[PDB]
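Below sits a lone chain in structure tokens, taken as the form deposited in one PDB entry.
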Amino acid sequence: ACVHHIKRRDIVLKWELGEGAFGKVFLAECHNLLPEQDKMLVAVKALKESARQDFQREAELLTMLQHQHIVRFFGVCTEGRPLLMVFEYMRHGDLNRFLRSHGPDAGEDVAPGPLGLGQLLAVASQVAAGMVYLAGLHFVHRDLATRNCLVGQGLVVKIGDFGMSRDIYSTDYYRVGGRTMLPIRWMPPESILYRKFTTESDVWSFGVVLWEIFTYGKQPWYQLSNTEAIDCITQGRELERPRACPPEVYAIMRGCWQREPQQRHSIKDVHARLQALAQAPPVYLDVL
């Protein structure tokens, strides 16, 4: 267990942000954590409840993951219950809420109104860069979706994996038997039929995140029931190009949605294509 430990006295809870089945999330002041900042804000997950094994296991993984575009783990408070995981506080919450709150249907890091192509591409670009880092570590995510990404000051987007997600977005899961929840709207046919998850099922999910990003957080197949969508995805039927989405981008999506996992573009490729675009000049983009 090679996990940075934090003293409970150094953590002062301010108030709750969110609930999950495995814990509650608080904003907290943390002291003497970063040397530049003798004080500073974090988010703290108290463990609720087999559950303590999970927490130890999550912590170890969160320490190992280190990347500009994967959520940032400060360490744990094991001294006295409840157990606390401490994380970087992301001011703008989850990319879904953020996307919904700056899309046509509805300050400091963002202009008023619909995000423009340039911003949309910078987001997709950041989520792609994260997914490079995990495919690097041969780490299969299995629930990649905008709800599972946070936005910070500067529009820094980071990938995590939340349980607040299975509770706030009950509707993004299909409950099968007792206690299992499947993000079926985000899964490839091989994940659904054979129940096989891989890097290749992750890049399928990336394409769906791309569609989320350019639809300003609409749910994939919102017009379908969970069984209508399973029919739809197994039967090979692809999501429509969103209004705000240039054909050149719908192309990167399509490469994520090849029926045959092997035939899907690598995430390094998709990243390359999107970063290219995100950093192309307004004159190049303005005619996409």
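For the two forms, the rigid core is made up of the largest set of C-alpha atoms that agree within 1.5 Å on superposition. One rule holds for the numbers: they count along the sequence shown, beginning at 1. Residues that one form lacks are left out of the comparison.
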item	value
Absent coordinates for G177 in a third or more of other compared entries	yes
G255 left out of the model in a third or more of other PDB entries	no
Interresidue gap class [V140, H141; deposited sequence, unmodelled]	none
Missing residues, deposited sequence, between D231 and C232 (class: none, 1 to 3, 4 to 9, 10 or more)	none
Comparing 67-75 with 174-182, the one whose average Cα B-factor in the PDB entry is higher	174-182
Selected stretch [higher average CA B-factor]: 185-193 or 112-120	112-120
Top Cα B factor in the deposited entry, candidates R147, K158, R81, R100	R81
Selection by C-alpha B-factor (highest) of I168, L134, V127, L95	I168
Chain third (lowest, middle, highest) by recorded CA B-factor, residue given as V44	lowest
Within-chain third of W221 by Cα B-factor, per the entry	lowest
Third of the chain's Cα B-factor distribution that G152 belongs to, per the entry	middle
Cα B factor band for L288 (lowest, middle or highest third within the chain)	highest
Relative C-alpha B-factor of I252, binned into the chain's lowest, middle or highest third	middle
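What follows is about the form deposited in another entry, which we do not show.
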item: Rigid-core fit between the shown form and the other one, the member of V140, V132, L155, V176 whose C-alpha shifts 2 angstroms or more; value: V176
item: CA of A122, rigid core aligned, shift of 2 Å or more between the shown form and the other one; value: no
item: Cα displacement of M164 between the shown form and the other one reaching 2 Å, rigid core superposed; value: yes
item: Change in CA distance between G178 and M85 in the other form, which is 3 Å or more, as closer or farther; value: farther
item: Runs in sequence order between the shown form and the other one, three or more residues long, with CA shifts of 2 Å or more on the rigid core; value: 161-164, 175-180, 281-283
